[PDB]
């Protein structure tokens, strides 16, 4: 009967979880070897091991039907069994799965191997995105140079893989349907365990959108003063190559030309980092110190022994796009980052170490629970610390920000600088998955796939390509996550919930009081706070053992994803900016782009 079976099922799950952890270790090692060293041999190795694990998952999913798991008393056992039924791509027939793996490695390796010719020297053709092209996009204020690098990169990283992307969409759809989801959109959304999740995000985005429109309007106004009206129009979408980022996802790199008060300080600690002899090692050691200062877990020896924290100097191809890795044993966690000594990179280091901390916090959990409460939780951890590291308060403590006077004008500069990252990103992140969802769901005909991309970027972000594109081009895969098949909604969720975590951690630390002028949210530093660390420990140690509202509740007693906290952080900016835009008669909104020919 059921009482005896539930006891046996508990024993079954205990052994299977350990077996899954061990088998996944092997897959992860092969994936790591390939990402660190792209060769035909490593690709073959990676894909063959994945195919082996997929075959085993099929056997597992099949075996779950031998247990009456839906009839069990234990919510915990039922949750584990449910996790094991979700095959994802592993549901595909053997040959289809092999084809998908080959398709995915073809796209990611194409992205990783992109090289372009120097704008000034057509003989020198070894410029990679990281660091060469990204350096130009972030630093150059020559609009024709910027336009050149934009076109060269999108042509090579995007258009070149159209046929592979098409087959990937077909196989992704086939896999979703084998799992009885309507499409890959629903398969992705299932990770959030909430059937109203899309509407919730629409509601939150709608609340923040007006602030984005104000930032967009002001930036456009300031760019007109820099480049002239021949380059930037008052009423049209902003030409995206002028925004300091290849994908226009964050605009912090053009802060020096769009800052509210150019005569007052704007935080940019890159020069001081270099002057003080910072290295990638030091940056990671400083991140480690931040976590341990909060009474959280120190980085294990394997991390230091096995991580790659600088771009290799041999001739080899690799994936430089920064990532954090769990090997599902004990204390085997690693980062691979082509680290540079900049302010932006210091935040990236803390982001990636947020993943590592999460891995360490939940490594005692059964295998199926060794992941984030939802994908957004994993992305939020390191960003909460980055918000603190970015404050004038913290940066003065570590001697990177000198002779800084925090008057009302400096505060507006800093809030604006943060918004150029945190608010600007929201419509971007939403469009990445809105686009792919529309393809997965079969809502866009193949003949319209490229202009469907640029239509969303126009509608939500008010940006456009520097040159005319058409259906002869295919631009979406020029973004890493699109070539690498990484869900993006996690980052939209993260940018909302990180402010919920930050606000709460700051209150717990005694660093934020809404009725005290000396403790504003935008200058909170949680460094050294064991109290904030305790909330993190309580939440992160849970892994995916409970639905995410229980994980949020463990942190601050709340159960709802809310835009209240992000709006609260930027409220002083909103008040100032609304008035400043009225003062300067700034045009808000944009006409439909003419940059994608149907």
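Numbering follows the first chain given and starts at 1.
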property	result
Between the two ranges 124-132 and 497-505, the one averaging a larger CA B factor in the entry	124-132
162-170 versus 428-436 - which carries the larger mean C-alpha B factor in the record	162-170
Top residue by Cα temperature factor, when 513, 191, 464, 195 are compared in the entry	513
Among 318, 478, 146, 452 - the residue whose C-alpha B-factor is largest in the record	318
Within-chain third of residue 296 by Cα B-factor, per the entry	highest
Relative C-alpha B-factor of residue 576, binned into the chain's lowest, middle or highest third	middle
Residue 51, C-alpha B-factor rank within chain (lowest, middle or highest third)	highest
Chain-relative CA temperature factor third for residue 85	highest
Third assignment of residue 560 from its chain's C-alpha B-factors	middle
